[PDB]
Structures are given as structure tokens and as C-alpha cells.
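Here the structure comes first, spelled out in C-alpha cells, and everything after it is commentary.
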Amino acid sequence: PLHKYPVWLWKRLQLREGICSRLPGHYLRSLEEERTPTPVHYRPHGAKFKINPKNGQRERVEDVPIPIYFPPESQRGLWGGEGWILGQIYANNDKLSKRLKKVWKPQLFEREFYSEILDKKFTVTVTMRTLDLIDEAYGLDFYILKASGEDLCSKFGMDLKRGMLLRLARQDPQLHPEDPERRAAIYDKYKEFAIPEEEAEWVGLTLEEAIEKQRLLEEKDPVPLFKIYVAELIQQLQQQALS
Amino acid sequence: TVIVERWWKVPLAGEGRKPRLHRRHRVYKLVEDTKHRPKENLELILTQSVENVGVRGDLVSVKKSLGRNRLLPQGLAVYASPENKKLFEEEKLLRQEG
Amino acid sequence: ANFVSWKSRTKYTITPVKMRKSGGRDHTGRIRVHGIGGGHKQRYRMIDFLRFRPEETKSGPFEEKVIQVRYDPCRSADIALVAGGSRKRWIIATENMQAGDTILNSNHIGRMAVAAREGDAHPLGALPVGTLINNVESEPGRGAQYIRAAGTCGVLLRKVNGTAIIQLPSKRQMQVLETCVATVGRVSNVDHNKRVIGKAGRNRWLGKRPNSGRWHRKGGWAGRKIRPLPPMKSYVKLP
Amino acid sequence: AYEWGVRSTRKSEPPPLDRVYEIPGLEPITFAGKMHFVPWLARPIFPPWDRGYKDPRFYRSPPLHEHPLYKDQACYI
Amino acid sequence: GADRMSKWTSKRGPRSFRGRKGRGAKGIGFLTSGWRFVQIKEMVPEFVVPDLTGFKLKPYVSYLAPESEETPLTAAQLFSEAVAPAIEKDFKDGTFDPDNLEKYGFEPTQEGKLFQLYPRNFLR
RNA sequence: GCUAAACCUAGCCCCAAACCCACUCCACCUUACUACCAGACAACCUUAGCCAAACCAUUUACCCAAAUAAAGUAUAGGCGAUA
RNA sequence: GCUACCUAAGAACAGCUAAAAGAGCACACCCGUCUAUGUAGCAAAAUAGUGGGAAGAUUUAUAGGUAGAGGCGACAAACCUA
RNA sequence: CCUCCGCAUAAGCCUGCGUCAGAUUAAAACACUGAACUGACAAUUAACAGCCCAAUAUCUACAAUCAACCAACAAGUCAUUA
RNA sequence: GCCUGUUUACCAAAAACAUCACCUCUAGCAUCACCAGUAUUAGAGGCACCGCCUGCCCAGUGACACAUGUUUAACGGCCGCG
RNA sequence: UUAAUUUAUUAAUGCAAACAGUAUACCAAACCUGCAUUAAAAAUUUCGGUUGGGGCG
Ligand SMILES: [Mg+2]
Ligand SMILES: [Mg+2]
Ligand SMILES: [Mg+2]
Ligand SMILES: [Mg+2]
Ligand SMILES: [Mg+2]
Ligand SMILES: [Mg+2]
Ligand SMILES: [Mg+2]
Ligand SMILES: [Mg+2]
Ligand SMILES: [Mg+2]
Ligand SMILES: [Mg+2]
Ligand SMILES: [Mg+2]
Ligand SMILES: [Mg+2]
Ligand SMILES: [Mg+2]
Ligand SMILES: [Mg+2]
Ligand SMILES: [Mg+2]
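Protein chains in written order, with the authors' numbering: chain X, 2 to 244; chain H, 53 to 150; chain D, 61 to 299; chain 5, 30 to 106; chain 9, 14 to 137.
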């Protein structure tokens, strides 16, 4: 026999089934977006057509990504668009020798930051590209809120983004009373986003966490049928009496 | 970040399709790394009076190490963003009157 | 591989604790050290190597009293339980130590040297030049680690201003801080090298398997190395 | 001083918590509802639990610093 | 080789296995430090047997009994037979209150009375 | 003529269509087929190799996006068996 | 679970000479130098003595660990379910 | 006539020479009927070994070998308190 | 061949491997075996007791000092003609 | 193995980024990253032809 749907559509089928179909639209769209990240370990081509030497004929060129590995240390900390590259390297840079395997490792600098939106210092083993992006984005909060989910490549970054979005949406007192001018200035500095509350709670959550949250929201202990029975009875008696 | 290029060249598996890769494409080659490069100095605007590295008023392009260590965490310098420069120059113009 | 160590006692006591042999088995189970396995059952004694130690609500010097000298199978030298105060702790015995002896564990360094006996212990800052010492420490309040076998002893060389160079039995010099407590005299159970084995039964009882029977060709490290004395290693931390 | 406590024999320290409890104003989504231990990021913090009814087979005695027969000086029996 | 298709009873293990297996018997106590059994009188199932003196009902039915249609006894029928008359009686006069319903047999929780239904405290 | 020869049905393979299911009560993570008690540690990783090039060290469709002609074209390849 | 090694708790060794003994003969026991029987046999490795040990480098009942780019090895390239 | 055997404990599938009918056919290296069988009848009842121990702190150096002479070395198999 | 013993389970059970005596090299030392040990110790190697003794060499290899050297009980070698 | 590609994993090295004092100069500590070298492992392989049977001639 044969299958009705291909093997690469079962995830979409399970999402369109029942328990995974009650998810909100924005979360499903953000999960099914799937956008390519920024080139990090390779220089992308300028134009779509490149004139190669030796022959005067134009050819279309494309920039392919590099299959990099993400260890759990990357998800725990805040890394850039790099990671572990499990590739192969020849001997003396020639294909007429031996094909050896070489795995590069990024550099880790255990530094300390200070988030202005959360007002709490965290110890994160930051690298160099992340520090460069933070310096170019003029702060850490801007680097966290501007970069999308395909740029952080870490769970802590998405958690920080979701926390900042909730803090900016709920208008909850960040610091403390007796000086609201600082909180007002902080809220005015980060005003070019302002994601609503019903959509900021589903930013960065995985599939299992989303299913757990949807089950907890749709829990509801079974109401006893006695209340429904007496309600139907009083409705029927009112309908037969008022007529 | 180590920038490497792919060997054997990608055979271009269409424009809207997924690029099919082979086991021979795993071989890379190092061309240039982010390190071993003469670093550049960033521009930071200070807010207080220090020694001979800065002064309250104008800006000075200092090193990245000093800026990340004893300038930004201690609140002695701000990034060179196009937002705070406006208020900085406004305060500088209001300070130096006619 | 459920390999758990038998060193599960965080409180010092006097009752000998039963020990489990290993035979060269770590946590994985593979033999990594050859020549160990199959021996007579032994019981471990908690030996207190730190000489000077104040009791509860104590600070000044205290007297002790040697009771009885026994034997420890875990090492070459013999041990001797010395009672004193309201507690009893096992310490390493010295030469010419019998029942009814009196030893002192002082710490106040004096202006001049102290003509102590070969049983009591005093810091190196109060000992004359040229005295056979043993059980020397490396850091103040760490514990005696060097020169602890049978009959081994060290002799004081010279003093500078806050250090004390101790001549080790390996003919190598080594300095240490002046505020280090070290015993005086030689360890008991002498003439240990003259102990004739006789048969392989003694080695099997001690727990030592015979060597490998493979004929290994001697490389370039089997020749005699006439090397000079290595330099003196310093443990004093200087800023 | 040479300690007599081995790190391999004593109780090992628990692993540190995840990076979700360090966020001020953000509740974690753990597995406290499914009532089983999960592989999916799931490890919260459980509060202490005590028994309301005393059991002779599961009775714990209080420390010595609050016994009714505890005194400041020590005797010799 | 040994057997595999047969189930694991209590006549296969050595001296260390005869005891903790059993035949599914319900325990009515525990053990102590002296190889004794502490049987609790509150753990043995007490059989409640009513009196059968003046009981005029035989276990077999006669063939002269007429048949009738079969229908399940759902909760709606029991409700409309028990609580509906009382509710109609208290509403037809003018004293029904939808705030309190504990006087009709409804219980908001099952931790008050002994014989609970959802957790099932009774055996059978 | 003794030994022994044939008597069709459980169905078996692939198409077109359709997306297919999982507690009557008890037992099932310890010695599964066990009713009842105090350290909560457990996944996130280039597949490799044979053969072929008369050996073999570079290389050798298998990579899961519907046909065909382009086209086995430019190309990659101890510029060679091949892709 | 047979066999190499290790670990924790046990058991075994009549009698005589016992020189104090990793002493001797010798029961049970550990291994098998030789003769004779068969090689589709009792047995995909047996039958009696001539054999060495038998108070210790001995044997064994129970439980656990060391596995192939390796385990182990008083080193036979010996053993890791015929 | 042999007993170099047997009875128990330890390990091991658990009903494997008790009765009844068939014993025409089927497995005894041939027979009776039964240690190479079909169905029905029910054995074994614990006192035997297990199923074990409420916590907080603290305490436990003068072996066994008739253990009393002597003598050692491979330095050792057993206990409590508020 | 010092001895007892063990090794090719299943054609060799031995002069074969091991054993105390001897010699060489390495290590200044706290928690998972080594070792809850301290240069009379531990690990890595060669022969294998007691009696007489081990005479020479760094041209070549390795090791140690980088001072042109030391090491052979480290790999190995100790004439021919008239 | 002193036959061939190479050090893929150590300890020593030199360079570059990472910290901190220092009057136009020196010092480079504990822990991560990349390049090239030295002793151990190794990821792979072959061992040509006639030879009045084969090697030797
Ligand atoms: Mg030896
Ligand atoms: Mg040898
Ligand atoms: Mg081929
Ligand atoms: Mg052996
Ligand atoms: Mg004997
Ligand atoms: Mg004998
Ligand atoms: Mg050999
Ligand atoms: Mg011999
Ligand atoms: Mg043989
Ligand atoms: Mg044998
Ligand atoms: Mg033989
Ligand atoms: Mg020999
Ligand atoms: Mg010689
Ligand atoms: Mg030929
Ligand atoms: Mg020829």
C-alpha cells in the first residue's frame, strides 16, 4: 500500500489535528515562518549573478548555509550566530592528501551585563560577535528586542525578550514608587514596539511548553451535572409558566 | 567566528528548492577569522570628568576593553547613538551661552 | 559499575573501620594499576597526622601520655595511641617510645631555641640547628605529609628570617614557613630494609600479585642517570 | 587540617535551576500539572511538605537545641 | 535453557524470592523488628451480612411473570424522580433560592461526608 | 496391491480510492503481569563501510522539493573511472 | 552462571611422623605423566592404578564489576558459552 | 553379591512409576503392564528460611586457635548511651 | 631449573612463566583505584637465593644537562698481516 | 618500521584577541579560541614480472 500524505507533512497534520489546533494564530504563524538566519561563517554573494573568469559567461550564484551544531551551553547562555562546526579539513590545503576531520570551537568570555528593562545583572559567558552586536545596537535591551528568534539561537535570549515584552505591555511597576519619572523615561525609550499582552506571552515558548500552557488554560474541573439539571428544570418551568 | 567556504561548489538545486548537499561538501577550508585582525576603536560619549582619557563635553574614541570594563558598567560613558547625541549637543549649546 | 568508596565517615573515632580492597579497580572497573590484588584482610585505623590541635574550649599548650604501642598493617611503621585530656587520637609513634611516656604539644615560639626531647613536638622556630626531625608540614594548619614512613627523619639546615629549610631524606632541600609544627626524633620500627621476605607467601599475604611475565626490551631509559641535585622548591607565597 | 569527608561519599549538590526563574515578573511553565517527571524542559521548585497526623513509624525528633530536658552544662553518665 | 513462556509464579526463585511475590493476597498489616506481624483489625474486610429471617423472595423467578421493555437507569431519570418534585413544590409557593442547594442532597465537595463517590472510599 | 499418487481455501503482491487505530473490573517499571512511604543525575553530536577506477591513499547516484526537452550542456573530478 | 582477574560475607581438609616449616606419606578433595579399551563411542574429550598437592601461592556454595579501534593475562597471541 | 552409597540442606522446569477406563492403534530398543501415555479424581496445611528494624547526637585499641602456660605475625569474623 | 606452583580447557604440562636476593629510572605529594600512603614510600623495567665476581666504550640510537659533556646491570660491540 | 598521506588527542613552545597595574622600556599570572613544531598513538594501504615447481644465479 501507499500513504496519503508525504512523510514531511505529518508535523503539519498533527498541528492541524485537535490539541495542537487550539493554539493562537500568531504563535502558529511564528512557528511556521521558518526564515534563514544571517551569514556568519561564510561571506554571502553580492548579486544573484556573478561573472566568473576563464569564460565570459554570467552564471547565477547562491549562498548556502553551514550546518552548525548548537550545544546546550549555547541555549543556556547568550551566543551570537556561531557555534560548533563539525566539518572536514584536508592536510596541506590540497585534495591530493588526507581528508581529516576538524571541529572549531568559539571563544567564551565570562562577563557580566546589566539589563535596564529588568534591572538585574546576569553572568553570561559572552563571546565576541555578541559583544560587537550589542555595541552596534547601542545597549543590550535593543540587541535583544530587535533581533528575531532566528538570530539569538538561545532560549535565554527568547526568555529575556518575552520578559521585556511583558514588562512593556503590562505597564507593571519596574523599580519602585517615589520616583515614577525614571520608569516613565524607560517606557518612553522602548516605545517603537509595544507588543500586546495576548501575543507577548507566546514568544519564545517551545512546542511542549505551548501545549502545557494550553492544557493548563483549558483545564477546568468537570462541573457537576446537578447544576445543569436544575438550570434546565427551572428554565423549563419558567417557559411553561410564563406562557 | 571562523569564516570558511564550501568545497566542490554547490550544484544549485533550484532557486526555491532546498539545496541538496553531499558528503563531499562537508570539507571546508579556513580563509579568514575574526581574530588576528587589527581591532578598531569605538566612539563613546562620557558623562563625567575623568583623568586624561576623557572629559565632560565632547567625545573621544577609546578602546573596546576600557569601554566594556570601566566606562559602561560604571555609568561613565554612553554609546554613540543618533538619539542621545541630540540631547547632548542641546545641553552643550545651552551650557555655552552667547 | 556500582563502585562506591569505603571512606564514609566524616567524624574522627577510635574504633578501627573496616576497609575494602581494590586490586587496581577504579570507578569504571578496568585494571589500571597492575600488581595489586589478593591479600589478607586488614582493618583501617583513623590516624591523626596533625600534631598540634586545640581541644574544645582550649587554646594553650596541653600534655599527653603514651599508653600502648601497637602495629598498623596499612603502613611500614607502627602506631601508638596516646591519651590526653578528655579524648584519645591515634598519632605516629617515634623511636624509643614505650608505655608511660610524656610528650608535649606546644606552639608558643620563644626567643631562643628549646632543647626538647625526641618525643615532644615544637615549631621549627624554637629548634636548634642540626636536629633530627620528622613529620614536617607545608602550610600552617594543613597537616604533616612529608617524612612519615618508618625510620625516616630530616635535619634542619639554616634559617633566614621567616622560613626554615628542611633537608629531605632524598638529599633535596625544601623550605617552609617558620610557624609550622613538626615532630622531633626518628620514627619507630627501624631496620625495615633488613626484613628478609623469604617466600612469595609473604607477598601474597601483603596483597601484591607477581609481575608480568612478558619479556620487555629495555629502551633508552634503563641506563644510569648521573644527574645533579634539583633546585630547592619554595612553598612561601610572595606578593 | 585534613578533613575526613569525601565528596564522592557525601550527598551531591543539586543542579542549578534553569534561566526562567531569574526573570522578574515571569511565571515558569513547568510540569506540575501532568504529575510525572518530564524530559521536556521540566524541573520546578517544590515547597516543603509535612504530615498533619503523627505516625510512630515516621516520627522525626526535634534537634537538641530545644529539648525540655536540655541544659547548658554537660553531664557524665 | 530455562522456561520463558510460563508466567513468574512463586516456585521459581531461591530462598530470597519466596515471600515478596505471593499470589496477590491483600495485606492486613505490617512487620516489626522481631520477625513478627502486626495485624490491624481495621484493615481486614468485615463482611456485613444482614438477617434473613422474614425475607420472602426466592432466587429463581416463576415463568408466570410478565416481561417488560429494558431501558438504562440514567441520572436524568433519578433526578426528575427525586429532586424535581421538591423543587417544584418549593418554587410553586415562593421560597426557592438558587444560592443554597445543600438541602436537596447536593454536596459541593466530597471531603465532608465519609462515603465519597469520585475517590470511592468504600470497597464494594 | 501394499507402500502411496491429483482433488480448493485460509489467502498471498502491486494498483485507484480513502489519511488508519488504540481502558469491561483488577495487575504492568522492584524479582513488569508485585496495593501501600523521605535526595529529586538520566535526549539535544560530521554516520560509516563495501565495490569501482583491474591496487589504492582524491573520487564512487542513495541526499526523500511530481513528468519531459534542454542534457547527459556548461561544469567538478590522481581533468579519470565517474558525478 | 565454563574459563583470566578483583571484591564482601562463609565452608572444607581422617590418621601417623607432628624438627619451628608456603614439612612428608596418606581419606574425602584440586589437576591429569603413562598403558589398555572407542573414535558415527558412555562421553562434539570417558574408564583403574602407576601419579603431584592435600594447614595453604589450595578448593568451593552466594552476590557484583572489567568486552572487541577491546577485557584479562604467575606471557600459553592462552581464555572471552562446544 | 555390591555398597566409591543413601538420607537431608543449597541450586533447578514444577505434578513428571497413586487409582479408574482405553489398553484395537500409538512411545517399552521384546513381554507383563509402565519411570519414554490419553482423559477424570488430589496430594503439600508450619513451628522450617525468608517477608524485617521510628528518629536526633554520641560510644565501641588488649583477637580466634578447649584459651588457662608459653609463643607469635598474614595485625584479625560478632558489643552501646541520653 | 634454587624450591612449592602454574601455563598450551581439547595432540607438547616442559629446561616454558612466576618466586625471595640484586640492579636501573621516575615522583616534593590530600581526596573516585593508585593512597584515605609519604624518597626505609610508590610506580615503570632486566636476571632471579646463599659462595667467587660483573673488566672497557657515546664513533651510531634513545634518555639527561642544552656547560659539546653523563649514561650502557639502557639498544650493541671487545683485530689482521709479516 | 629508518615503506607512503598527516598530528586528528597530550605536555612543552612562538604568535593574535581576553584581563590589570607600570616611569620613550620591561613584567604576560588561573581558566577558554586558531595557526606551525617535537616523543605515544594512530584514520588507510601495498609488498612488480620470466624464473623447464618458487627464492637465490
Ligand atoms: Mg620484580
Ligand atoms: Mg620477565
Ligand atoms: Mg577497486
Ligand atoms: Mg592464572
Ligand atoms: Mg606441606
Ligand atoms: Mg603431600
Ligand atoms: Mg612466548
Ligand atoms: Mg621447576
Ligand atoms: Mg594440552
Ligand atoms: Mg589447566
Ligand atoms: Mg598432557
Ligand atoms: Mg625463568
Ligand atoms: Mg657487564
Ligand atoms: Mg612470480
Ligand atoms: Mg628455476
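For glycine and all other residues, C-beta sits at the position ideal for the given N, C-alpha and C.
Contact check, residue i vs residue j, beta carbons under 7 Å
i	j	result
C240 (chain D)	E197 (chain D)	yes
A210 (chain D)	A260 (chain D)	no
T38 (chain 5)	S294 (chain D)	no
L141 (chain D)	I127 (chain D)	yes
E238 (chain D)	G185 (chain D)	yes
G98 (chain D)	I91 (chain D)	no
residue 6 (chain 9)	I41 (chain 9)	Residue 6 (chain 9) lies beyond the stretch modelled for chain 9, which goes from 14 to 137, so this question has no answer here.
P133 (chain D)	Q158 (chain D)	no
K162 (chain X)	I135 (chain X)	no
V189 (chain D)	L228 (chain D)	no
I151 (chain D)	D108 (chain D)	yes
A181 (chain D)	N165 (chain D)	yes
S75 (chain X)	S155 (chain X)	yes
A153 (chain D)	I193 (chain D)	no
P71 (chain H)	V8 (chain X)	no
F119 (chain 9)	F227 (chain X)	yes
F143 (chain X)	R48 (chain 5)	no
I52 (chain 5)	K214 (chain X)	no
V114 (chain H)	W105 (chain X)	no
Spatial neighbours of residue i in its chain, beta-carbon cut-off 6 Å, leaving aside the 5 residues before and after
i	result
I212 (chain X)	none
residue 245 (chain X)	This structure cannot speak to residue 245 (chain X), because chain X is shown only from 2 to 244.
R269 (chain D)	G95, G97
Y206 (chain D)	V196
DSSP bridge partner residues for residue i (one or two, in chain order)
i	result
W69 (chain 5)	None, per the DSSP bridge assignment.
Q89 (chain X)	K102 (chain X), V79 (chain H)
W150 (chain D)	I107 (chain D), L141 (chain D)
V77 (chain D)	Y104 (chain D)
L216 (chain D)	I226 (chain D)
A129 (chain H)	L98 (chain H)
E124 (chain 9)	None, per the DSSP bridge assignment.
Residue burial classification, residue i (beta-carbon count within 10 angstroms, cutoff 16)
i	result
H96 (chain 5)	exposed
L127 (chain 9)	exposed
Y105 (chain 5)	exposed
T108 (chain 9)	exposed
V256 (chain D)	exposed
Sequence-distant residues of its chain with Cβ nearer than 8 Å to residue i (five each side left out)
i	result
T99 (chain H)	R108, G127, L128, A129, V130
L97 (chain X)	none
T128 (chain X)	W80, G81, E83, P107, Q108, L109, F110
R218 (chain D)	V189, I225
Neighbourhood of residue i by C-beta, 7 Å cutoff - its chain only, sequence neighbours within 5 removed
i	result
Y70 (chain X)	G84, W85, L87
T88 (chain D)	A61
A61 (chain 5)	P73
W265 (chain D)	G99, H100
residue 252 (chain X)	The structure shown does not extend to residue 252 (chain X), since chain X spans only 2 to 244, so no value can be given for it.
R31 (chain 9)	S23
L166 (chain X)	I196, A201, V204
Closer than 6 Å: residue i CB and nearest ligand 1 heavy atom
i	result
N271 (chain D)	yes
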